[PDB]
$ cat my_file35.txt   # compact mmCIF, C-alpha atoms and all ligand atoms
# COMPACT_ATOMS: atom_id res chain seq x y z
CA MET Q 1 155.00 90.99 175.58
CA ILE Q 2 157.04 88.41 177.48
CA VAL Q 3 158.78 85.45 175.86
CA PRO Q 4 156.43 82.52 175.13
CA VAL Q 5 157.00 79.36 177.14
CA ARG Q 6 156.75 77.05 174.13
CA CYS Q 7 157.07 77.26 170.38
CA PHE Q 8 153.64 77.64 168.79
CA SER Q 9 154.13 75.06 166.04
CA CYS Q 10 155.90 72.08 167.57
CA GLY Q 11 155.76 72.83 171.30
CA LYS Q 12 159.45 72.94 172.17
CA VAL Q 13 160.16 74.88 175.36
CA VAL Q 14 161.79 78.12 174.17
CA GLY Q 15 160.94 80.29 177.17
CA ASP Q 16 164.26 79.62 178.90
CA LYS Q 17 166.35 80.76 175.95
CA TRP Q 18 165.55 84.47 175.53
CA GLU Q 19 168.02 85.68 178.16
CA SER Q 20 170.68 83.31 176.82
CA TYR Q 21 170.00 84.58 173.30
CA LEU Q 22 170.53 88.16 174.45
CA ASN Q 23 173.71 87.14 176.30
CA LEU Q 24 175.11 85.40 173.22
CA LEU Q 25 174.20 88.40 171.07
CA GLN Q 26 175.77 90.98 173.41
CA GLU Q 27 178.76 89.38 175.15
CA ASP Q 28 179.70 87.07 172.31
CA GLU Q 29 179.63 88.80 168.93
CA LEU Q 30 177.38 86.14 167.43
CA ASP Q 31 175.00 86.64 164.55
CA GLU Q 32 171.39 85.62 165.08
CA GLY Q 33 171.59 82.37 163.12
CA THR Q 34 174.67 81.23 165.02
CA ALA Q 35 173.14 82.14 168.38
CA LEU Q 36 169.88 80.35 167.56
CA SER Q 37 171.79 77.25 166.43
CA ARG Q 38 173.93 77.28 169.57
CA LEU Q 39 170.78 77.50 171.68
CA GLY Q 40 169.55 74.29 170.06
CA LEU Q 41 166.91 75.75 167.74
CA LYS Q 42 167.12 73.86 164.43
CA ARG Q 43 163.55 74.00 163.10
CA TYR Q 44 162.66 77.40 161.71
CA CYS Q 45 159.39 77.21 163.65
CA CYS Q 46 161.44 77.30 166.86
CA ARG Q 47 163.97 79.78 165.48
CA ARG Q 48 161.30 82.36 164.63
CA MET Q 49 159.93 82.31 168.19
CA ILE Q 50 163.15 83.81 169.57
CA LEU Q 51 164.42 85.60 166.48
CA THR Q 52 161.22 87.67 166.27
CA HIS Q 53 160.33 88.21 169.93
CA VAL Q 54 159.86 91.89 170.79
CA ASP Q 55 159.91 91.88 174.63
CA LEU Q 56 157.45 94.69 175.30
CA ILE Q 57 157.27 93.66 178.97
CA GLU Q 58 160.29 95.86 179.68
CA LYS Q 59 158.50 98.90 178.28
CA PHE Q 60 155.34 97.97 180.19
CA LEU Q 61 157.28 97.73 183.45
CA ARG Q 62 158.38 101.37 183.42
CA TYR Q 63 154.81 102.42 184.31
CA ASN Q 64 154.74 101.25 187.91
CA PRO Q 65 151.74 102.45 189.97
CA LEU Q 66 153.33 101.19 193.21
CA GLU Q 67 156.60 103.13 193.37
CA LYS Q 68 157.26 106.86 193.41
CA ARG Q 69 158.74 108.02 190.12
CA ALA E 116 146.56 129.85 196.02
CA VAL E 117 149.61 128.59 194.13
CA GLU E 118 148.64 126.57 191.07
CA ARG E 119 150.29 123.33 189.96
CA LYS E 120 150.99 121.94 186.50
CA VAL E 121 148.48 119.49 185.02
CA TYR E 122 149.48 116.80 182.56
CA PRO E 123 147.17 114.98 180.13
CA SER E 124 147.42 111.70 182.07
CA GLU E 125 145.33 113.32 184.79
CA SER E 126 142.79 114.53 182.23
CA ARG E 127 142.57 111.02 180.77
CA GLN E 128 142.13 109.41 184.18
CA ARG E 129 139.58 111.96 185.44
CA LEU E 130 137.53 111.50 182.25
CA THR E 131 137.58 115.26 181.70
CA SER E 132 139.09 117.77 179.29
CA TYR E 133 142.68 119.00 179.06
CA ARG E 134 142.27 122.75 178.68
CA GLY E 135 144.12 125.96 179.47
CA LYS E 136 142.71 129.32 180.49
CA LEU E 137 142.10 131.84 177.71
CA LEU E 138 142.68 135.53 178.48
CA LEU E 139 141.60 138.50 176.36
CA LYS E 140 142.32 142.06 177.45
CA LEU E 141 139.40 144.23 176.36
CA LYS E 142 139.82 147.86 175.37
CA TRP E 143 136.88 149.90 176.68
CA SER E 144 137.80 152.98 174.68
CA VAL E 145 135.62 156.10 174.92
CA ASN E 146 135.55 159.10 172.56
CA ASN E 147 138.34 157.93 170.24
CA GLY E 148 141.01 158.14 172.94
CA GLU E 149 139.60 160.42 175.62
CA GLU E 150 140.01 157.59 178.13
CA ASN E 151 140.57 153.84 177.79
CA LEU E 152 139.52 151.20 180.31
CA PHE E 153 141.56 147.99 180.09
CA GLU E 154 140.67 144.74 181.84
CA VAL E 155 141.87 141.23 181.11
CA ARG E 156 138.94 138.80 181.08
CA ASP E 157 139.17 135.04 181.39
CA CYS E 158 136.98 133.38 178.78
CA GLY E 159 136.83 129.77 179.90
CA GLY E 160 139.23 126.87 179.68
CA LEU E 161 140.32 126.57 176.07
CA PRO E 162 141.22 123.03 174.97
CA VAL E 163 144.77 122.63 173.69
CA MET E 164 146.40 119.88 171.67
CA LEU E 165 149.13 117.71 173.13
CA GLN E 166 152.82 118.22 172.34
CA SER E 167 152.14 121.82 171.26
CA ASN E 168 153.89 124.88 172.65
CA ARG E 169 150.93 125.36 175.02
CA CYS E 170 151.13 121.78 176.31
CA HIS E 171 153.28 120.62 179.21
CA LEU E 172 154.82 117.78 177.15
CA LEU D 27 145.22 101.08 203.57
CA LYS D 28 143.10 100.43 200.48
CA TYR D 29 143.95 103.29 198.11
CA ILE D 30 146.97 104.54 196.20
CA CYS D 31 147.57 108.08 195.02
CA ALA D 32 147.68 108.18 191.24
CA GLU D 33 150.71 110.50 191.21
CA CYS D 34 152.87 110.11 194.33
CA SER D 35 151.79 106.45 194.73
CA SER D 36 151.55 106.60 198.53
CA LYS D 37 149.16 104.24 200.28
CA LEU D 38 146.32 106.07 202.00
CA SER D 39 143.16 105.06 203.84
CA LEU D 40 140.05 107.02 202.86
CA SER D 41 137.32 107.01 205.50
CA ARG D 42 133.69 107.39 204.53
CA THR D 43 132.27 110.94 204.44
CA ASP D 44 135.81 112.22 203.91
CA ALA D 45 137.48 114.31 201.23
CA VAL D 46 138.67 112.11 198.35
CA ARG D 47 142.25 113.30 197.98
CA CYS D 48 145.78 112.21 198.77
CA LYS D 49 146.91 113.42 202.17
CA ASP D 50 150.53 113.98 201.16
CA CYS D 51 149.99 115.86 197.89
CA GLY D 52 146.96 117.49 196.35
CA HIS D 53 145.80 114.76 193.96
CA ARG D 54 142.10 113.93 193.64
CA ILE D 55 142.58 110.60 191.81
CA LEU D 56 142.87 107.44 193.90
CA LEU D 57 143.42 103.85 192.77
CA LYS D 58 141.85 100.97 194.66
CA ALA D 59 144.53 98.59 195.90
CA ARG D 60 144.31 94.88 195.19
CA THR D 61 144.10 92.92 198.44
CA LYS D 62 144.72 89.23 199.02
CA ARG D 63 141.78 87.13 197.81
CA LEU D 64 141.27 83.70 196.29
CA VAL D 65 140.76 83.92 192.52
CA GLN D 66 140.62 80.61 190.66
CA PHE D 67 141.84 80.21 187.09
CA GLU D 68 142.29 77.57 184.41
CA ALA D 69 145.84 77.20 183.10
CA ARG D 70 144.47 77.06 179.57
ZN ZN Y 1 159.07 74.76 167.05
ZN ZN Y 2 149.67 111.65 196.53

$ encode --input "my_file35.txt" --output "structure tokens"
Amino acid sequence: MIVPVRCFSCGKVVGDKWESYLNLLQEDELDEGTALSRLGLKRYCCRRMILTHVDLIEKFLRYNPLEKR
Amino acid sequence: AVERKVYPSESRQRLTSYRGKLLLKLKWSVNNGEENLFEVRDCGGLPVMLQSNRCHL
Amino acid sequence: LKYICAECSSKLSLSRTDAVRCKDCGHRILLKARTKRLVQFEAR
């Protein structure tokens, strides 16, 4: 749903890199491998954690029971 | 009074059915056309499927 | 104010022996609001 704090396999903190990954994908015209490398993700265990994240939290957040729609 | 649209989220939350009223107009014909009595009769809330032309989505 | 209308999402207080409906609109579904309480957890 929301980005995991750490990589499952090794434990490297990858929770602070999802927004940067999106920025490097959108603003810069970087491919996914280049963006992951420039974030500091060398092991494929760490690369998959960001390369394959879905970010369903944004779709969950549109159903807000506390604000008039 | 004035009725308001109902959407299936309310039916899901109320734990009830999502159904629309069914209306048949009977023909109370007498003597092959001597006189005909017409009267629309509601026949309960007919369930409808979602995303159909009789659903509000 | 311990209840929220399920459609207009306006906070409303429902007294006992009172009609269960939103005061603003005509909605009969109400959601209990979560109030401030201590709830322990394990960060595991
Ligand atoms: Zn890793
Ligand atoms: Zn309301």

$ closest_residue --input "my_file35.txt" --among "Q:32, Q:14, Q:46, Q:6" --to "ligand ZN 1 (chain Y)" --atoms "only C-alpha atoms and all ligand atoms"
Q:46

$ interface_residues --input "my_file35.txt" --of "chain D" --to "chain E" --cutoff "9 Å" --atoms "all atoms listed in the file" --output "count of residues only"
4

$ residues_near_ligand --input "my_file35.txt" --ligand "ligand ZN 1 (chain Y)" --cutoff "8 Å" --atoms "all atoms listed in the file" --output "VMD selection string"
chain Q and resid 6 to 12 41 43 to 47 49

$ residues_around --input "my_file35.txt" --residues "residue D:29" --least-positions-apart "5" --cutoff "10 Å" --atoms "only C-alpha atoms" --output "tab-separated table (two decimals) with C-alpha atoms, in the frame of the given file"
chain	number	residue	atom	x	y	z
D	35	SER	CA	151.79	106.45	194.73
D	36	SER	CA	151.55	106.60	198.53
D	37	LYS	CA	149.16	104.24	200.28
D	38	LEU	CA	146.32	106.07	202.00
D	39	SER	CA	143.16	105.06	203.84
D	40	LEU	CA	140.05	107.02	202.86
D	48	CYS	CA	145.78	112.21	198.77
D	55	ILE	CA	142.58	110.60	191.81
D	56	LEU	CA	142.87	107.44	193.90
D	57	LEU	CA	143.42	103.85	192.77
D	58	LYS	CA	141.85	100.97	194.66
D	59	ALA	CA	144.53	98.59	195.90
D	60	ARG	CA	144.31	94.88	195.19

$ closest_atom_pairs --input "my_file35.txt" --of "chain Q" --to "ligand ZN 2 (chain Y)" --cutoff "12 Å" --atoms "all atoms listed in the file" --output "Markdown table"
| residue | atom | partner | partner_atom | distance |
| --- | --- | --- | --- | --- |
| Q:65 | CA | Y:ZN2 | ZN | 11.5 |
| Q:66 | CA | Y:ZN2 | ZN | 11.6 |
| Q:67 | CA | Y:ZN2 | ZN | 11.4 |
| Q:68 | CA | Y:ZN2 | ZN | 9.5 |
| Q:69 | CA | Y:ZN2 | ZN | 11.7 |

$ atom_distance --input "my_file35.txt" --atom1 "atom CA of residue Q:24" --atom2 "atom CA of residue Q:63"
28.7 Å

$ residues_around --input "my_file35.txt" --residues "stretch 136-144 of chain E" --least-positions-apart "3" --cutoff "6 Å" --atoms "only C-alpha atoms" --output "list in words"
residues 151, 152, 153, 154, 155, 156, 157, 158, 159, 160 and 161 of chain E

$ atom_distance --input "my_file35.txt" --atom1 "atom CA of residue Q:37" --atom2 "atom CA of residue Q:22"
13.6 Å

$ build_atoms --input "my_file35.txt" --residues "stretch 130-162 of chain E" --atoms "N, CA and C atoms" --output "PDB file, in the coordinates of the input"
ATOM      1  N   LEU E 130     138.581 111.472 183.260  1.00  0.00           N
ATOM      2  CA  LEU E 130     137.530 111.500 182.250  1.00  0.00           C
ATOM      3  C   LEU E 130     136.999 112.917 182.060  1.00  0.00           C
ATOM      4  N   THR E 131     137.927 113.863 181.935  1.00  0.00           N
ATOM      5  CA  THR E 131     137.580 115.260 181.700  1.00  0.00           C
ATOM      6  C   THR E 131     138.460 115.841 180.605  1.00  0.00           C
ATOM      7  N   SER E 132     138.368 117.141 180.382  1.00  0.00           N
ATOM      8  CA  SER E 132     139.090 117.770 179.290  1.00  0.00           C
ATOM      9  C   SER E 132     140.427 118.312 179.765  1.00  0.00           C
ATOM     10  N   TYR E 133     141.331 118.505 178.812  1.00  0.00           N
ATOM     11  CA  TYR E 133     142.680 119.000 179.060  1.00  0.00           C
ATOM     12  C   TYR E 133     142.756 120.380 178.416  1.00  0.00           C
ATOM     13  N   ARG E 134     142.488 121.411 179.208  1.00  0.00           N
ATOM     14  CA  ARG E 134     142.270 122.750 178.680  1.00  0.00           C
ATOM     15  C   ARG E 134     143.024 123.779 179.505  1.00  0.00           C
ATOM     16  N   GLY E 135     143.441 124.847 178.834  1.00  0.00           N
ATOM     17  CA  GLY E 135     144.120 125.960 179.470  1.00  0.00           C
ATOM     18  C   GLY E 135     143.265 127.211 179.434  1.00  0.00           C
ATOM     19  N   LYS E 136     143.499 128.103 180.392  1.00  0.00           N
ATOM     20  CA  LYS E 136     142.710 129.320 180.490  1.00  0.00           C
ATOM     21  C   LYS E 136     143.028 130.269 179.343  1.00  0.00           C
ATOM     22  N   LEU E 137     141.985 130.880 178.792  1.00  0.00           N
ATOM     23  CA  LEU E 137     142.100 131.840 177.710  1.00  0.00           C
ATOM     24  C   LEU E 137     141.839 133.239 178.251  1.00  0.00           C
ATOM     25  N   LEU E 138     142.743 134.170 177.959  1.00  0.00           N
ATOM     26  CA  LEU E 138     142.680 135.530 178.480  1.00  0.00           C
ATOM     27  C   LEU E 138     142.673 136.522 177.330  1.00  0.00           C
ATOM     28  N   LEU E 139     141.641 137.361 177.271  1.00  0.00           N
ATOM     29  CA  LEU E 139     141.600 138.500 176.360  1.00  0.00           C
ATOM     30  C   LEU E 139     141.547 139.773 177.187  1.00  0.00           C
ATOM     31  N   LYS E 140     142.349 140.759 176.808  1.00  0.00           N
ATOM     32  CA  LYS E 140     142.320 142.060 177.450  1.00  0.00           C
ATOM     33  C   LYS E 140     141.478 143.004 176.598  1.00  0.00           C
ATOM     34  N   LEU E 141     140.277 143.317 177.077  1.00  0.00           N
ATOM     35  CA  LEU E 141     139.400 144.230 176.360  1.00  0.00           C
ATOM     36  C   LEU E 141     139.931 145.648 176.413  1.00  0.00           C
ATOM     37  N   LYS E 142     139.555 146.433 175.409  1.00  0.00           N
ATOM     38  CA  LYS E 142     139.820 147.860 175.370  1.00  0.00           C
ATOM     39  C   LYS E 142     138.482 148.580 175.377  1.00  0.00           C
ATOM     40  N   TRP E 143     138.145 149.189 176.510  1.00  0.00           N
ATOM     41  CA  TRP E 143     136.880 149.900 176.680  1.00  0.00           C
ATOM     42  C   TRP E 143     137.058 151.377 176.342  1.00  0.00           C
ATOM     43  N   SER E 144     137.475 151.627 175.103  1.00  0.00           N
ATOM     44  CA  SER E 144     137.800 152.980 174.680  1.00  0.00           C
ATOM     45  C   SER E 144     136.550 153.846 174.598  1.00  0.00           C
ATOM     46  N   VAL E 145     136.703 155.121 174.952  1.00  0.00           N
ATOM     47  CA  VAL E 145     135.620 156.100 174.920  1.00  0.00           C
ATOM     48  C   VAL E 145     136.117 157.335 174.176  1.00  0.00           C
ATOM     49  N   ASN E 146     135.293 157.842 173.259  1.00  0.00           N
ATOM     50  CA  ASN E 146     135.550 159.100 172.560  1.00  0.00           C
ATOM     51  C   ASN E 146     136.911 159.108 171.868  1.00  0.00           C
ATOM     52  N   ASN E 147     137.201 158.023 171.151  1.00  0.00           N
ATOM     53  CA  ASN E 147     138.340 157.930 170.240  1.00  0.00           C
ATOM     54  C   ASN E 147     139.683 158.150 170.931  1.00  0.00           C
ATOM     55  N   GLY E 148     139.744 157.987 172.247  1.00  0.00           N
ATOM     56  CA  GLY E 148     141.010 158.140 172.940  1.00  0.00           C
ATOM     57  C   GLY E 148     140.955 159.110 174.094  1.00  0.00           C
ATOM     58  N   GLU E 149     139.749 159.557 174.451  1.00  0.00           N
ATOM     59  CA  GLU E 149     139.600 160.420 175.620  1.00  0.00           C
ATOM     60  C   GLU E 149     140.019 159.687 176.884  1.00  0.00           C
ATOM     61  N   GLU E 150     139.567 158.445 177.037  1.00  0.00           N
ATOM     62  CA  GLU E 150     140.010 157.590 178.130  1.00  0.00           C
ATOM     63  C   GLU E 150     139.733 156.147 177.747  1.00  0.00           C
ATOM     64  N   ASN E 151     140.646 155.257 178.126  1.00  0.00           N
ATOM     65  CA  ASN E 151     140.570 153.840 177.790  1.00  0.00           C
ATOM     66  C   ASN E 151     140.579 153.013 179.061  1.00  0.00           C
ATOM     67  N   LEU E 152     139.586 152.145 179.206  1.00  0.00           N
ATOM     68  CA  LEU E 152     139.520 151.200 180.310  1.00  0.00           C
ATOM     69  C   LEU E 152     139.980 149.837 179.819  1.00  0.00           C
ATOM     70  N   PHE E 153     141.023 149.299 180.440  1.00  0.00           N
ATOM     71  CA  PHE E 153     141.560 147.990 180.090  1.00  0.00           C
ATOM     72  C   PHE E 153     141.294 147.004 181.213  1.00  0.00           C
ATOM     73  N   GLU E 154     140.928 145.781 180.845  1.00  0.00           N
ATOM     74  CA  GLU E 154     140.670 144.740 181.840  1.00  0.00           C
ATOM     75  C   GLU E 154     140.786 143.384 181.177  1.00  0.00           C
ATOM     76  N   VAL E 155     141.763 142.587 181.610  1.00  0.00           N
ATOM     77  CA  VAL E 155     141.870 141.230 181.110  1.00  0.00           C
ATOM     78  C   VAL E 155     140.699 140.408 181.625  1.00  0.00           C
ATOM     79  N   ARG E 156     140.107 139.610 180.743  1.00  0.00           N
ATOM     80  CA  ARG E 156     138.940 138.800 181.080  1.00  0.00           C
ATOM     81  C   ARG E 156     139.229 137.359 180.716  1.00  0.00           C
ATOM     82  N   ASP E 157     139.091 136.463 181.686  1.00  0.00           N
ATOM     83  CA  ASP E 157     139.170 135.040 181.390  1.00  0.00           C
ATOM     84  C   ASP E 157     137.915 134.603 180.659  1.00  0.00           C
ATOM     85  N   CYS E 158     138.090 133.796 179.622  1.00  0.00           N
ATOM     86  CA  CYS E 158     136.980 133.380 178.780  1.00  0.00           C
ATOM     87  C   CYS E 158     136.916 131.869 178.680  1.00  0.00           C
ATOM     88  N   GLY E 159     136.974 131.207 179.829  1.00  0.00           N
ATOM     89  CA  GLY E 159     136.830 129.770 179.900  1.00  0.00           C
ATOM     90  C   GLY E 159     138.133 129.034 179.641  1.00  0.00           C
ATOM     91  N   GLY E 160     138.095 127.733 179.917  1.00  0.00           N
ATOM     92  CA  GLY E 160     139.230 126.870 179.680  1.00  0.00           C
ATOM     93  C   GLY E 160     139.298 126.367 178.259  1.00  0.00           C
ATOM     94  N   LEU E 161     140.193 126.936 177.472  1.00  0.00           N
ATOM     95  CA  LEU E 161     140.320 126.570 176.070  1.00  0.00           C
ATOM     96  C   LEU E 161     141.047 125.240 175.937  1.00  0.00           C
ATOM     97  N   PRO E 162     140.481 124.263 175.230  1.00  0.00           N
ATOM     98  CA  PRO E 162     141.220 123.030 174.970  1.00  0.00           C
ATOM     99  C   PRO E 162     142.464 123.288 174.133  1.00  0.00           C
TER     100      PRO E 162
END
